[PDB]
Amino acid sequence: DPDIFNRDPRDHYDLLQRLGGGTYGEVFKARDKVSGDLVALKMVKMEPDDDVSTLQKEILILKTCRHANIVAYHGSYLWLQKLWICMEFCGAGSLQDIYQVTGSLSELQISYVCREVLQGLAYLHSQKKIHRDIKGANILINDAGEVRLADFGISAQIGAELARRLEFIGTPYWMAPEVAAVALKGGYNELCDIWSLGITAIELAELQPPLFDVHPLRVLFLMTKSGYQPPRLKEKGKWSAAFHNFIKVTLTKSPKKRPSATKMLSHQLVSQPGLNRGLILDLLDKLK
């Protein structure tokens, strides 16, 4: 990035605690020295012969995002062979951090979370960006009960992988048009995030995504078959007909039929009148 600060981040922040890692890098809870504001600092170790493409793409996604439901970006620092990405800190951590203590979320809490995720996805999709890693661990909650999407690590890697494809595709004159399309634009589109939101809604209701206890490779193979059936909520009576229908239309097996994020925002479950941060403040009270 051409706007990177060439100075030690510790000159502006104090490192408080290690939070663990995302798709790549180490994340730290830190404190701004002038305002006391907390921030998250993501550190990625640099090496002289490292391909900078993925990190360059992640910073570009964060920098060009300007939406409430996506983690704010405060700049990046490069110092002593370490890159530090400065992002918004969310006091309650991720929804996975929360439901591991509280148990299942209520339908209204899930509905508010889904509307907030959809506002962030509609924005990302309008800027020709894809998250590709929607899940409870990447949906953060701040102390005010507001929802923010985090970790554009997978998105950055895919973007870099795609740029690499274009650079080594070779002579194209004998290449079929579908081979060219997958090299330039990949084998899928942004509607994959709508499916992941549907799986995330089930995860918030049952504490695990569908088939979580079966081997990872077996799930990938079963999903690729023509007889694959989209998952459903286990307890039928516990959830309203509008929630079951939200799962059925987000989890549409075919991407050509799957509704967009903007279309999903007018769905009854998330366009309901009593949806606000107060529902998540109630969940956070259960945590304390």
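All residue numbers are counted from 1 along the displayed sequence. Just so we're on the same page, rigid core means the largest C-alpha set that superposes within 1.5 Å between forms.
In 5 other deposited structures of this protein, superposed by the rigid core, the C-alpha atoms of 147-155 lie farther from the shown form than the other of 147-155 and 68-76. The segment moving more, judged by mean Cα distance from this form in 5 other deposited structures of this protein after a core overlay, is 175-183 among 204-212 and 175-183.
Judged by mean Cα B factor in the deposited record, 163-171 ranks above the other of 163-171 and 197-205. The deposited model assigns a higher average Cα B-factor to 76-84 than to the other stretch when 134-142 and 76-84 are compared. Taking only the listed residues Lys57, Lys248, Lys42, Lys29, the entry reports the highest CA temperature factor at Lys248. Listed residues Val113, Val71, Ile154, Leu211 were ranked by CA B-factor as deposited; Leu211 comes out on top. Split the chain's modelled residues into thirds by C-alpha temperature factor. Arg277 is in the lowest one. The PDB entry assigns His215 a C-alpha temperature factor belonging to the highest third of its chain's modelled residues.
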